[PDB]
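Source file final_21.txt; content: compact mmCIF, C-alpha atoms and all ligand atoms.
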```
# COMPACT_ATOMS: atom_id res chain seq x y z
CA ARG A 1060 30.30 81.60 -50.62
CA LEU A 1061 27.19 81.78 -48.52
CA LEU A 1062 25.25 78.57 -48.54
CA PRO A 1063 21.49 78.68 -47.97
CA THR A 1064 19.87 77.28 -44.87
CA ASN A 1065 16.77 75.90 -46.64
CA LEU A 1066 17.52 74.76 -50.21
CA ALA A 1067 14.41 74.14 -52.30
CA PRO A 1068 14.31 71.20 -54.76
CA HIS A 1069 13.66 73.59 -57.67
CA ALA A 1070 16.53 76.04 -57.02
CA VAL A 1071 19.14 73.59 -58.44
CA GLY A 1072 17.96 72.89 -61.97
CA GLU A 1073 17.49 69.30 -63.05
CA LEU A 1074 17.56 66.93 -60.07
CA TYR A 1075 17.98 63.79 -62.20
CA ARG A 1076 20.89 64.01 -64.69
CA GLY A 1077 20.69 60.36 -65.78
CA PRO A 1078 20.45 57.00 -63.99
CA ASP A 1079 22.24 57.15 -60.65
CA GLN A 1080 23.19 60.89 -61.15
CA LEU A 1081 21.30 62.78 -58.44
CA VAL A 1082 21.63 66.44 -57.47
CA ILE A 1083 21.63 66.46 -53.67
CA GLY A 1084 22.60 70.03 -52.84
CA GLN A 1085 24.97 72.98 -53.51
CA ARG A 1086 28.65 73.30 -52.58
CA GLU A 1087 30.14 76.25 -50.67
CA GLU A 1088 32.74 77.24 -53.29
CA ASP A 1089 30.45 78.51 -56.02
CA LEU A 1090 26.94 77.28 -55.07
CA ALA A 1091 27.18 74.79 -57.98
CA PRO A 1092 24.96 71.67 -57.80
CA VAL A 1093 26.42 68.70 -55.91
CA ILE A 1094 25.80 65.58 -58.00
CA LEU A 1095 25.89 62.13 -56.42
CA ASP A 1096 27.13 59.60 -59.01
CA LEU A 1097 25.91 56.26 -57.59
CA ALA A 1098 27.06 54.34 -60.66
CA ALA A 1099 30.65 55.46 -60.09
CA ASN A 1100 30.43 55.01 -56.31
CA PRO A 1101 27.50 52.82 -55.30
CA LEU A 1102 27.99 53.23 -51.52
CA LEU A 1103 27.06 56.27 -49.42
CA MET A 1104 27.23 56.62 -45.62
CA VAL A 1105 25.80 59.66 -43.81
CA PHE A 1106 26.72 60.53 -40.22
CA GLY A 1107 24.94 63.18 -38.19
CA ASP A 1108 23.76 63.80 -34.65
CA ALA A 1109 20.13 64.42 -33.64
CA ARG A 1110 17.81 66.11 -36.22
CA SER A 1111 20.64 67.11 -38.53
CA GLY A 1112 19.04 65.73 -41.70
CA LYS A 1113 19.89 62.00 -42.19
CA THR A 1114 16.37 60.80 -42.95
CA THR A 1115 15.50 63.84 -45.11
CA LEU A 1116 18.49 63.10 -47.35
CA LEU A 1117 17.23 59.48 -47.65
CA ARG A 1118 13.78 60.78 -48.53
CA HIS A 1119 15.27 63.12 -51.17
CA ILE A 1120 17.16 60.25 -52.82
CA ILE A 1121 14.18 57.87 -52.83
CA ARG A 1122 11.88 60.52 -54.23
CA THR A 1123 14.30 61.65 -56.92
CA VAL A 1124 15.09 58.09 -58.06
CA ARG A 1125 11.40 57.17 -58.01
CA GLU A 1126 10.17 60.23 -59.90
CA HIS A 1127 12.39 59.49 -62.90
CA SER A 1128 12.36 55.66 -62.94
CA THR A 1129 9.94 52.87 -63.78
CA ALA A 1130 9.17 49.97 -61.45
CA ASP A 1131 10.68 47.36 -63.78
CA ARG A 1132 14.09 49.12 -63.81
CA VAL A 1133 14.39 50.25 -60.16
CA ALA A 1134 13.46 48.64 -56.83
CA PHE A 1135 13.94 49.88 -53.26
CA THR A 1136 14.48 47.96 -50.04
CA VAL A 1137 14.06 50.26 -47.05
CA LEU A 1138 15.03 49.31 -43.49
CA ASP A 1139 13.65 51.90 -41.05
CA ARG A 1140 13.11 50.94 -37.39
CA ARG A 1141 12.09 54.48 -36.36
CA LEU A 1142 9.34 54.58 -39.06
CA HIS A 1143 10.07 58.15 -40.18
CA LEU A 1144 10.17 57.01 -43.82
CA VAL A 1145 6.76 55.20 -43.90
CA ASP A 1146 5.52 58.36 -45.64
CA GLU A 1147 7.63 57.98 -48.74
CA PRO A 1148 6.22 55.87 -51.61
CA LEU A 1149 8.32 53.11 -53.12
CA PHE A 1150 7.55 51.04 -56.16
CA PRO A 1151 4.92 48.25 -55.96
CA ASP A 1152 5.86 45.20 -53.83
CA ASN A 1153 9.03 46.95 -52.62
CA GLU A 1154 10.13 45.87 -49.16
CA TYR A 1155 9.72 48.47 -46.41
CA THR A 1156 10.24 46.99 -42.95
CA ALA A 1157 10.67 48.45 -39.50
CA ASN A 1158 10.85 45.00 -37.90
CA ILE A 1159 14.30 44.20 -36.57
CA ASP A 1160 13.44 40.47 -37.03
CA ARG A 1161 12.67 40.73 -40.79
CA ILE A 1162 16.11 42.16 -41.52
CA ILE A 1163 18.03 38.88 -41.44
CA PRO A 1164 15.93 37.09 -44.08
CA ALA A 1165 15.33 40.25 -46.16
CA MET A 1166 19.11 40.67 -46.56
CA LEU A 1167 19.66 36.96 -47.23
CA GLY A 1168 17.12 37.14 -50.05
CA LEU A 1169 18.48 40.41 -51.47
CA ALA A 1170 21.97 38.84 -51.36
CA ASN A 1171 20.72 35.77 -53.20
CA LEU A 1172 19.32 38.08 -55.87
CA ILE A 1173 22.51 40.08 -56.36
CA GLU A 1174 24.69 36.97 -56.09
CA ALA A 1175 22.79 35.33 -58.96
CA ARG A 1176 23.95 38.18 -61.23
CA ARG A 1177 27.66 37.28 -60.91
CA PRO A 1178 29.39 35.87 -64.02
CA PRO A 1179 30.36 32.18 -64.25
CA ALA A 1180 33.82 31.00 -63.33
CA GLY A 1181 36.02 30.16 -66.31
CA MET A 1182 35.70 33.52 -68.03
CA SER A 1183 38.86 35.62 -68.12
CA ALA A 1184 38.73 38.99 -69.97
CA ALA A 1185 35.57 37.82 -71.74
CA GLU A 1186 33.25 39.41 -69.16
CA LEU A 1187 34.12 42.97 -69.84
CA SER A 1188 31.66 42.47 -72.63
CA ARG A 1189 28.62 44.27 -71.16
CA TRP A 1190 28.01 41.31 -68.89
CA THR A 1191 25.91 43.39 -66.60
CA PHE A 1192 22.67 41.82 -65.47
CA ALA A 1193 19.14 41.42 -66.69
CA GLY A 1194 17.02 43.42 -64.26
CA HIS A 1195 16.50 46.07 -61.59
CA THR A 1196 19.05 48.42 -60.13
CA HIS A 1197 18.27 47.86 -56.45
CA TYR A 1198 18.67 50.67 -53.92
CA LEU A 1199 19.13 49.36 -50.36
CA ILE A 1200 18.34 52.18 -47.89
CA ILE A 1201 19.14 51.66 -44.19
CA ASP A 1202 18.19 54.56 -41.92
CA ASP A 1203 19.91 54.45 -38.51
CA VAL A 1204 22.08 51.43 -39.31
CA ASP A 1205 23.99 51.95 -36.07
CA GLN A 1206 20.79 51.13 -34.13
CA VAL A 1207 20.41 47.62 -35.63
CA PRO A 1208 22.19 45.12 -33.31
CA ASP A 1209 24.88 43.49 -35.47
CA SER A 1210 25.56 40.65 -33.08
CA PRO A 1211 24.31 37.07 -33.56
CA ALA A 1212 20.59 36.67 -32.99
CA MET A 1213 19.63 35.33 -29.54
CA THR A 1214 16.02 34.42 -30.25
CA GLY A 1215 13.82 33.31 -33.11
CA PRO A 1216 14.44 31.12 -36.18
CA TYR A 1217 17.73 32.84 -37.14
CA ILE A 1218 19.55 32.38 -33.76
CA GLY A 1219 23.33 32.70 -34.15
CA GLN A 1220 22.98 34.59 -37.45
CA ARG A 1221 23.97 38.24 -37.96
CA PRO A 1222 22.03 40.76 -40.08
CA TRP A 1223 24.71 42.14 -42.44
CA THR A 1224 26.73 38.98 -43.20
CA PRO A 1225 25.32 38.21 -46.70
CA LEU A 1226 25.74 41.89 -47.70
CA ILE A 1227 29.47 42.29 -47.03
CA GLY A 1228 30.81 40.19 -49.93
CA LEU A 1229 28.50 42.07 -52.30
CA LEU A 1230 29.76 45.58 -51.53
CA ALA A 1231 32.98 45.42 -53.57
CA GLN A 1232 31.16 44.54 -56.78
CA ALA A 1233 27.90 46.46 -56.11
CA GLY A 1234 28.61 48.77 -59.04
CA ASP A 1235 28.84 45.85 -61.47
CA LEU A 1236 25.80 44.00 -60.12
CA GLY A 1237 23.14 46.70 -59.95
CA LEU A 1238 23.28 47.35 -56.20
CA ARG A 1239 23.47 50.66 -54.37
CA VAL A 1240 23.63 50.91 -50.58
CA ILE A 1241 22.91 54.08 -48.58
CA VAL A 1242 23.08 54.10 -44.80
CA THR A 1243 22.86 56.64 -41.99
CA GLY A 1244 24.04 56.73 -38.40
CA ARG A 1245 24.78 59.10 -35.53
CA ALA A 1246 27.96 61.19 -35.65
CA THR A 1247 28.87 60.33 -32.06
CA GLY A 1248 30.34 56.82 -32.11
CA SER A 1249 30.74 56.79 -35.91
CA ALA A 1250 34.56 56.51 -36.02
CA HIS A 1251 34.59 53.53 -33.66
CA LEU A 1252 31.83 51.97 -35.78
CA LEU A 1253 33.97 52.45 -38.88
CA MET A 1254 36.52 50.21 -37.17
CA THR A 1255 34.35 47.58 -35.40
CA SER A 1256 31.29 47.12 -37.64
CA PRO A 1257 32.03 44.57 -40.43
CA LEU A 1258 29.51 46.46 -42.55
CA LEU A 1259 30.75 50.04 -42.07
CA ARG A 1260 34.42 48.94 -42.06
CA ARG A 1261 33.85 47.48 -45.54
CA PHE A 1262 32.14 50.76 -46.64
CA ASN A 1263 35.22 52.67 -45.50
CA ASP A 1264 37.71 50.17 -46.97
CA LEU A 1265 35.84 50.74 -50.25
CA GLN A 1266 35.98 54.49 -49.87
CA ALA A 1267 32.26 54.97 -49.73
CA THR A 1268 31.07 58.55 -50.32
CA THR A 1269 30.57 60.10 -46.90
CA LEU A 1270 28.40 62.99 -45.71
CA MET A 1271 29.30 64.34 -42.27
CA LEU A 1272 26.32 66.34 -40.94
CA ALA A 1273 26.47 68.09 -37.54
CA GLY A 1274 28.42 66.44 -34.78
CA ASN A 1275 30.64 67.06 -31.78
CA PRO A 1276 34.03 68.60 -32.73
CA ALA A 1277 35.56 66.80 -29.72
CA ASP A 1278 33.91 63.45 -29.03
CA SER A 1279 32.59 62.24 -32.40
CA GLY A 1280 36.15 61.32 -33.59
CA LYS A 1281 37.84 61.68 -36.98
CA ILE A 1282 36.66 60.28 -40.33
CA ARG A 1283 39.44 60.30 -42.91
CA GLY A 1284 41.24 63.01 -40.93
CA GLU A 1285 38.11 65.26 -40.66
CA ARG A 1286 36.38 66.24 -37.42
CA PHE A 1287 32.67 66.80 -37.15
CA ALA A 1288 31.48 70.42 -36.83
CA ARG A 1289 28.45 72.04 -35.19
CA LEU A 1290 26.37 72.72 -38.31
CA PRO A 1291 22.75 73.71 -38.99
CA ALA A 1292 20.41 71.07 -40.35
CA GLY A 1293 21.32 69.87 -43.88
CA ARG A 1294 24.82 71.35 -43.79
CA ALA A 1295 27.45 68.63 -44.33
CA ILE A 1296 31.10 67.94 -45.08
CA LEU A 1297 31.18 65.81 -48.24
CA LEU A 1298 34.05 63.31 -48.62
CA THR A 1299 34.57 61.76 -52.06
CA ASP A 1300 37.19 59.91 -54.13
CA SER A 1301 38.22 62.81 -56.33
CA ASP A 1302 38.09 66.06 -54.37
CA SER A 1303 39.18 67.23 -50.95
CA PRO A 1304 36.43 67.61 -48.32
CA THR A 1305 33.71 70.04 -49.38
CA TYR A 1306 31.04 71.93 -47.45
CA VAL A 1307 27.58 71.41 -48.97
CA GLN A 1308 23.95 72.22 -48.18
CA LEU A 1309 21.51 69.41 -48.89
CA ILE A 1310 18.20 69.91 -50.61
CA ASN A 1311 15.27 69.97 -48.26
CA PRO A 1312 12.42 68.12 -50.01
CA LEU A 1313 8.70 69.01 -49.92
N1 LIG B 1401 18.30 69.52 -45.90
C1 LIG B 1401 17.66 70.27 -44.97
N2 LIG B 1401 17.51 71.62 -45.07
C2 LIG B 1401 16.87 72.33 -44.07
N3 LIG B 1401 16.40 71.72 -42.95
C3 LIG B 1401 16.54 70.40 -42.74
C4 LIG B 1401 17.22 69.58 -43.75
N4 LIG B 1401 17.19 68.31 -43.32
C5 LIG B 1401 16.56 68.29 -42.10
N5 LIG B 1401 16.17 69.57 -41.78
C6 LIG B 1401 15.46 70.02 -40.56
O1 LIG B 1401 15.70 69.06 -39.55
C7 LIG B 1401 14.52 68.37 -39.23
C8 LIG B 1401 14.86 66.90 -38.87
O2 LIG B 1401 15.34 66.28 -40.04
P1 LIG B 1401 15.57 64.68 -40.15
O3 LIG B 1401 14.42 63.95 -39.53
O4 LIG B 1401 15.98 64.36 -41.58
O5 LIG B 1401 16.86 64.58 -39.18
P2 LIG B 1401 17.53 63.19 -38.69
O6 LIG B 1401 19.01 63.52 -38.60
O7 LIG B 1401 17.01 62.13 -39.60
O8 LIG B 1401 16.92 63.14 -37.19
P3 LIG B 1401 17.05 61.90 -36.13
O9 LIG B 1401 18.39 62.07 -35.46
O10 LIG B 1401 15.87 62.08 -35.26
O11 LIG B 1401 16.97 60.68 -36.98
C9 LIG B 1401 13.62 68.59 -40.42
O12 LIG B 1401 12.27 68.51 -39.92
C10 LIG B 1401 13.97 69.98 -40.80
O13 LIG B 1401 13.43 70.88 -39.81
MG MG B 1402 16.27 60.18 -38.83
```
Could you take the file, read its structure, and then write that structure out as structure tokens?
Ligand SMILES: Nc1ncnc2c1ncn2[C@@H]1O[C@H](COP(=O)(O)OP(=O)(O)OP(=O)(O)O)[C@@H](O)[C@H]1O
Ligand SMILES: [Mg+2]
Amino acid sequence: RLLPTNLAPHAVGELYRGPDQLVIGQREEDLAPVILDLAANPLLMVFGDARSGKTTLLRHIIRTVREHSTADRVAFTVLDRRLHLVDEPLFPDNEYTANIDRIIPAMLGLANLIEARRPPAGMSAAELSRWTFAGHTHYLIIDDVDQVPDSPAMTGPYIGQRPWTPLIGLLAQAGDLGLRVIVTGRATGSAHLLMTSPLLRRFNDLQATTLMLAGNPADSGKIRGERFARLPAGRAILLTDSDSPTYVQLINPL
């Protein structure tokens, strides 16, 4: 079927189908809504070369989660060095930073928060009793994650420390501890990053949902056997747990 080139946020029915169930576009087969289930798969990585739609998809998610949530149930943490998401409102007191030097402590403190939700040792088949957690589902949004140096810090109070270290051990249980993580990066270089970045290698080892926006069919490498294609803005290959790769068009907000 013929996908659109500019998909309006009202052409797809209800955008919010329940907590963590977000319509993000239409699929090529039948133009049916594409529904991101962040409770089932809390991790999403989006790869695309210049101006293909990474940040716009982040904006769409933030706006859709925010419009149908209350501040005492949902919190965002947004890391955005290029500042293209300053526009988008969060909830009160929510961390938005573009400062490469605030990332290390911000992640340490987010990690301490999610870590405190884990169940005690000594349980064994008594936790699958709605153990859950008391408070916010926390959406961690990292635009252009491939542009944050992931090497030990050379200067400042956190010398020798790396930005993503406290996050890694959380990713496997993010769905039980009220954590979602959404990141974006260029298409070129992405396959190598999937192998060398501790953060993105863990995303891939955990089969994170992947959106492959436009990229180079030669250089950008293979993700789960798929090459990038030269696509218009917002057109992506969607890789999930349950279906084979799917062409989709993402909603263009505003
Ligand atoms: N889902 C969409 N549908 C139609 N057009 C889009 C879509 N997403 C992005 N665009 C077009 O591409 C432009 C750039 O989008 P965006 O800033 O999200 O790209 P990016 O991949 O984040 O760019 P950069 O590589 O600079 O970070 C938008 O201004 C719009 O013109
Ligand atoms: Mg961008």
**OP:** Please provide the set of residues having any atom within 10 Å of residue A:1070, restricted to all atoms listed in the file, with same-chain residues fewer than 3 positions apart removed, written as a list in words.
**Re:**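 The filter keeps residues 1066, 1067, 1073, 1074, 1084, 1085, 1092 and 1310 of chain A.
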Counting only C-alpha atoms and all ligand atoms, which residues of chain A fall within 6 Å of ligand LIG 1401 (chain B), and what is the closest atom pair for each with its distance in Å at one decimal, ordered by chain and rising number, as a tab-separated table?
```
residue	atom	partner	partner_atom	distance
A:1064	CA	B:LIG1401	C2	5.8
A:1065	CA	B:LIG1401	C2	4.4
A:1107	CA	B:LIG1401	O6	6.0
A:1108	CA	B:LIG1401	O9	5.7
A:1109	CA	B:LIG1401	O9	3.4
A:1110	CA	B:LIG1401	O8	3.2
A:1111	CA	B:LIG1401	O6	3.9
A:1112	CA	B:LIG1401	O4	3.4
A:1113	CA	B:LIG1401	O7	3.9
A:1114	CA	B:LIG1401	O7	3.7
A:1115	CA	B:LIG1401	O4	3.6
A:1292	CA	B:LIG1401	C3	4.6
A:1293	CA	B:LIG1401	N1	3.7
A:1309	CA	B:LIG1401	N1	4.4
A:1310	CA	B:LIG1401	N1	4.7
A:1311	CA	B:LIG1401	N1	3.9
```
**OP:** Check which residues fall inside 12 Å of ligand MG 1402 (chain B) when counting all atoms listed in the file, and print them as a ChimeraX atom specification.
**Re:** /A:1105-1118,1138-1145,1201-1206,1242-1245,1272,1292
Original post:
Neighbours of residue A:1290 within 8 Å (all atoms listed in the file; same-chain residues fewer than 4 positions away dropped), as a PyMOL selection string?
Top reply: chain A and resi 1272-1274+1294-1295
Original post:
So how far away is atom CA of residue A:1200 from atom CA of residue A:1136, in Å?
Top reply: 6.1 Å
Mind filling out stretch 1099-1110 of chain A with N, CA and C atoms and sending it as a CSV table (one decimal), keeping the file's coordinate frame?
```
chain,number,residue,atom,x,y,z
A,1099,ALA,N,29.2,55.4,-60.3
A,1099,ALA,CA,30.6,55.5,-60.1
A,1099,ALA,C,31.0,55.0,-58.7
A,1100,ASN,N,30.2,55.4,-57.7
A,1100,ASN,CA,30.4,55.0,-56.3
A,1100,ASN,C,29.1,54.6,-55.7
A,1101,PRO,N,28.8,53.3,-55.7
A,1101,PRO,CA,27.5,52.8,-55.3
A,1101,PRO,C,27.2,52.9,-53.8
A,1102,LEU,N,28.2,53.3,-53.0
A,1102,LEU,CA,28.0,53.2,-51.5
A,1102,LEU,C,28.0,54.6,-50.9
A,1103,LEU,N,27.1,55.0,-50.1
A,1103,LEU,CA,27.1,56.3,-49.4
A,1103,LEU,C,26.7,56.1,-47.9
A,1104,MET,N,27.6,56.6,-47.0
A,1104,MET,CA,27.2,56.6,-45.6
A,1104,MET,C,27.1,58.1,-45.1
A,1105,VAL,N,26.1,58.3,-44.2
A,1105,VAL,CA,25.8,59.7,-43.8
A,1105,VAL,C,25.8,59.7,-42.3
A,1106,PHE,N,26.6,60.5,-41.7
A,1106,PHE,CA,26.7,60.5,-40.2
A,1106,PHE,C,26.3,61.9,-39.7
A,1107,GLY,N,25.4,61.9,-38.7
A,1107,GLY,CA,24.9,63.2,-38.2
A,1107,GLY,C,24.3,63.0,-36.9
A,1108,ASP,N,24.4,64.0,-36.0
A,1108,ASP,CA,23.8,63.8,-34.6
A,1108,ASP,C,22.3,64.2,-34.7
A,1109,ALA,N,21.6,64.5,-33.6
A,1109,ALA,CA,20.1,64.4,-33.6
A,1109,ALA,C,19.5,65.5,-34.5
A,1110,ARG,N,18.6,65.2,-35.4
A,1110,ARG,CA,17.8,66.1,-36.2
A,1110,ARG,C,18.7,67.0,-37.2
```
